[PDB]
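Here's the structure, in structure tokens; my notes come after.
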Amino acid sequence: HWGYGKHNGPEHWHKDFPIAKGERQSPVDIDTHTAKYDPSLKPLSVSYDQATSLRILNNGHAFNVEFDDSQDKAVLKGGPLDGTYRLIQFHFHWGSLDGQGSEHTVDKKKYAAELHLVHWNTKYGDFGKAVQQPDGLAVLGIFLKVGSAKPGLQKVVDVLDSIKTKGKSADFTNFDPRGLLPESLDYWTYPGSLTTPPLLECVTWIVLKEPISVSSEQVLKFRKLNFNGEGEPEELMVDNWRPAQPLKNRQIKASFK
Ligand SMILES: CC(=O)Nc1nnc(S(N)(=O)=O)s1
Ligand SMILES: [Zn+2]
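Under PDB author numbering, read the sequence shown as residues 4 to 125, 127 to 261, first letter to last.
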């Protein structure tokens, strides 16, 4: 029954998921003045040319755009990754205001939203087996700031009215996640976890440097989603982000000087 309210939010997750106080928990604050530049980092490889979007779903915490991950259609190689990682779904973490909403923070700066493209390591068979492995997931973190309208997002924004409440799902085929990427693929990387329960410490996090801009009219329709199910009292789906967690014995490496 976890969520982001006052009585089931990120401050109560450790009572049902004691790994919330673990070692490699996410998100964290990316301190650009302590993030070491790693010249041995390879360029990222985003092969989304055969990505197959299937469905968009309101799961009571966010909205997920699921992809056909039965084959290596949309993968993520290069960077710090050893092997292939299939894009399975992406989602967003936003807030009620433009000064908050992102999960990762850059020098304590909060962005309006944060895009998470989730990939699972193919050598583990399926997603359920990869989440139990330290190098099982690779999530690509892309910040969203309020500004010009992002054209690659309008197809996502226009469909939100059909998935307003929890449990609603809608067809969402032929979507191209390449439009959601910024111009540059410079990134930070650090070993992390899921930012939602069960908070499994299985994620190699890749947070891109360059944010993307979205018009306030776009991010406003993110805030018109409902946490509740249909017929229940309306609770706006806002501030569905986890605050930053202690970095502890972890080093964030950057692909750019
Ligand atoms: C379906 C799936 O991949 N589960 C996720 N749970 N938390 C995720 S996140 N915020 O760390 O990207 S993805
Ligand atoms: Zn996420």
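Every residue, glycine too, gets a C-beta built ideally from N, C-alpha and C.
Distance from the C-beta of residue 119 to the nearest heavy atom of ligand 1 is below 6 angstroms.
A distance criterion of 6 angstroms places the beta-carbon of residue 143 in contact range of ligand 1, judged by its closest non-hydrogen atom. Judged by beta-carbon spacing, residue 207 lies beyond the 7 angstroms limit of residue 109, meaning their Cβ atoms are not closer than that value. Between residue 32 and residue 251, the alpha-carbon positions lie close to 8 angstroms from each other.
The stretch 132-146 and the stretch 253-260 do not touch, with fewer than three beta-carbon pairs separated by less than 8 angstroms.
When the beta-carbon positions are compared, residue 94 and residue 119 come within less than 7 angstroms of each other.
A straight-line Cα-Cα distance of about 14 angstroms links residue 174 and residue 65. Boundaries of the alpha helix (DSSP H) harbouring residue 156: 155-162, taken from the DSSP string.
Around the CB of residue 197, 16 or more other CB atoms lie within 10 Å, so the residue is classed as buried.
Short note on residue 199: C-beta closer than 6 angstroms to some heavy atom of ligand 2.
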